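Single chain ahead, written as structure tokens, the form deposited without its partner chain.
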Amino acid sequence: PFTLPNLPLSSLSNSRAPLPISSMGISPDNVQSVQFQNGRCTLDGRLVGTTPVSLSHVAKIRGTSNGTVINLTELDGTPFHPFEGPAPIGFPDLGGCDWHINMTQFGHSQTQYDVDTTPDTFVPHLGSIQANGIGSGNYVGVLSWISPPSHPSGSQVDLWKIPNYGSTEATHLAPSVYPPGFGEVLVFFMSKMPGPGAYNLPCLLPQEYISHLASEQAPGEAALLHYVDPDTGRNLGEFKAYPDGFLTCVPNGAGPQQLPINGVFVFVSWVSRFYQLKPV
């Protein structure tokens, strides 16, 4: 029988960053569809985009700086070529912001790497990004803290966005995720990302939800889920999981931000895609 981890969201991690999930949320009105590259997984077990199985590959980078540019490899160190994807597996998919990643080495005793994902020099899709000061050597890097994007100009952090991966155009992005509609809204798992702001990082799935799905490769139009409270067992609400790997729910007016996070999504049964959900 289909399953989801019998684990509170409050003890799970974001899938776009190695961060504990602090809550659920809904996207703003100027956010229609979403095209996150990490944290993409079908209920089939199929990983999508640059999404890795483990939280340990999430939002990291590997490569060698020649002093002016950094050529990328898989976290593994094995070659990465354009045809494979928009960037190496686990590559940071946070758009609308500047990056500051901790760079360390194997065999050498760290260096902040300030990344502006805006110039023509940021071409992770061709395995090469600006080595903005990072000296020569091979490095391991993890996103640590973000800041406003330096060029949209005077712009604020917008994590619903994806960074520009090429230019060069056909980077092979995973498809966009659209709300099924009929009042249903996309559910996002939020996490607090360090930086001089009140940054909330959404994602369609908790990192462990993906490993469980990838493993529990069980072969349904839509999954009717119950957000249940562990100890009492009371059904805190109804939800629907879709094949492409995301959850919906109908807000009980102008939703999920109101529910506690120590709850667990339980698979009740498979249902019709147009199954009218009870307000939350």
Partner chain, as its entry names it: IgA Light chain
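Numbering follows the first chain given and starts at 1.
The same protein also exists as the form solved in complex with its partner chain; that form is not shown, yet it is the one meant from here on.
Colleague: Is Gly166 close to its partner chain in the deposited complex, meaning a heavy atom pair under 4.5 Å apart or at it?
Modeller: The answer is yes: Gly166 has a heavy atom within 4.5 Å of its partner chain.
Colleague: Is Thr118 near its partner chain? Define near as a heavy atom within 4.5 Å, in the deposited complex.
Modeller: Although its partner chain is absent here, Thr118 would touch it in the deposited complex, with heavy atoms inside 4.5 Å.
Colleague: Are any of the heavy atoms in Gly135 no more than 4.5 Å from a heavy atom of its partner chain in the deposited complex?
Modeller: Residue-level check for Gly135: no, no contact with its partner chain.
Colleague: Residue-level question: is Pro152 within 4.5 Å of its partner chain in the deposited complex, judged on heavy atoms?
Modeller: Yes, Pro152 is a contact residue.
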